[PDB]
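Okay, here we've got a single chain as structure tokens, the form deposited in one PDB entry, with questions on binding and movement later.
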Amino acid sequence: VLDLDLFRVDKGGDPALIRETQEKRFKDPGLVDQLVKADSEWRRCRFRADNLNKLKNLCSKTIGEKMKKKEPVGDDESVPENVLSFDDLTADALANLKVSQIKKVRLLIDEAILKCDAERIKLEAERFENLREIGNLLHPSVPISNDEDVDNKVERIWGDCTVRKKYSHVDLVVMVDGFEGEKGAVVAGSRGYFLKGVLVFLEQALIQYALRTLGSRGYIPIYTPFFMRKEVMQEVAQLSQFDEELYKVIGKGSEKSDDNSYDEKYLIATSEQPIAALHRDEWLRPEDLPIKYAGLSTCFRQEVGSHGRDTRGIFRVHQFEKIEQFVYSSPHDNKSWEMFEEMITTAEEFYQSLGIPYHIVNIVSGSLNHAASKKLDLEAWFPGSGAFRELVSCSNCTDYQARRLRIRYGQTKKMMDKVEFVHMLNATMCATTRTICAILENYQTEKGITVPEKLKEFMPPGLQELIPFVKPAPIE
């Protein structure tokens, strides 16, 4: 989430600058105006809460002074009308009233404070609704457009991206007998699949290779929970992700037979989400940064946005394994942006060793999520399909995620007015199911699929040289 002082004119920030970034992202700029209005109404609520505290203390002071002098207390006990306001409840007005009457006034103030606090919580939630759906500040190099096909700038190109081959990944996944779509459609519903035999070893070869490649570079391999609590998932995901991406999990909340309540959880769509929440509410040391993680988890995506899109193969599925790069970086200097170029090259040198052709793409601001400031995608060339397909997404989220999860840059050299949060970045190293599709199409021959040089070590004896065809192409 963004800093609130940017929305306030009393501080150094300006609301019009945030309105521009919303127009660049091609999203509603009226959320900025709703933010300022709610914050101004919240501010007035705080002034009312302070006045109620001052009047509560003044009521206690007048009683305390009258207890020392020991007034007859009073048996009236009826609340006077001519004193129940901010202007009327004064020191002189409270002096005329008896102890039993002032106690009745304080009780009404106590009820007013609880009502004011309920208003204060409501206004903060109303403010947060607008603040949640405002995207991060964009990098100057990000192309400002809503169209992807036209305005996505190609940065780097590696390998031959014109040579086309025999079969598509759809036919190749069946020919080697490592796919059961019709059976998976009955078991898990549409798009569900069973990966069998040879492709299980290929996936395990990719996982074993990706972890060793990152592990030697200083990354810490990390296996994460596959589901998260609602309170924590809302901090790492936006409202749209709850609508068209995240699965909802229902649990008991307690491991007791007497319990009848239910806790609502959510399946993760990325290793990014749980690793982001790993250092939640923490003060990270500058000396420890940059902390690098090699996330390993199964990802669950509802994929509601696309219907009739890659419905045959394992390219677009509800369930897939993915090795993730996650780096906690220093906010100062250009550390995060230097890491941003470091993480994409780590993904580049990964697919270069596997012999996969690709091009690097700078994604338009309109297709960027609220967290990311700049995204780079590695779109690999698919010879059988004849088109470029997305394999990697590299994003710098800066201090957006860190502010929400309260992950601070715990420096000890300066005393600051505002707390500085760390910079957080996420990039995928290898998406198993989609990487397999890239390997099958690029290494296809007359006999089968040739095992890449780097993956030969992790393949079992008998499948180290090549993965041969055993079934004919699924004909229509």
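Take the two forms, superpose them, and find the largest set of C-alpha atoms that agree within 1.5 Å; that set is the rigid core. For every residue, the number given is its place in the sequence shown, counted from 1.
According to the PDB record, 447 to 455 carries the higher mean C-alpha B-factor of the two stretches 447 to 455 and 416 to 424. A summary of the deposited B-factors shows that, of 90 to 98 and 326 to 334, the stretch with the larger mean C-alpha value is 90 to 98. Looking at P225, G74, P221, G192, the one whose CA carries the top B-factor in the deposited record is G74. Highest CA B-factor among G386, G295, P274, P290, as stated in the entry: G386.
Per the PDB record, residue ranking by Cα B-factor puts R120 in the middle third of the chain. Per the PDB record, residue ranking by Cα B-factor puts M343 in the middle third of the chain. Among the modelled residues of the chain, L6 sits in the middle third by CA temperature factor in this PDB entry.
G184: CA B factor lies in the lowest third for its chain, per the PDB record.
The PDB entry assigns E255 a C-alpha temperature factor belonging to the highest third of its chain's modelled residues.
What follows is about the form deposited in another entry, which we do not show.
In a rigid core superposition between this form and the one not shown, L107 is the single residue of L107, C161, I144, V187 whose Cα is displaced by 2 Å or more. Taking 2 Å as the criterion, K335 does not count as shifted between this form and the one not shown: its C-alpha moves by less than this amount when the rigid core is aligned. Core-superposed comparison between this form and the one not shown: the CA of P15 exceeds or equals a 2 Å shift. Taking the rigid core as fixed, one finds a CA shift for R408 smaller than 2 Å between this form and the one not shown.
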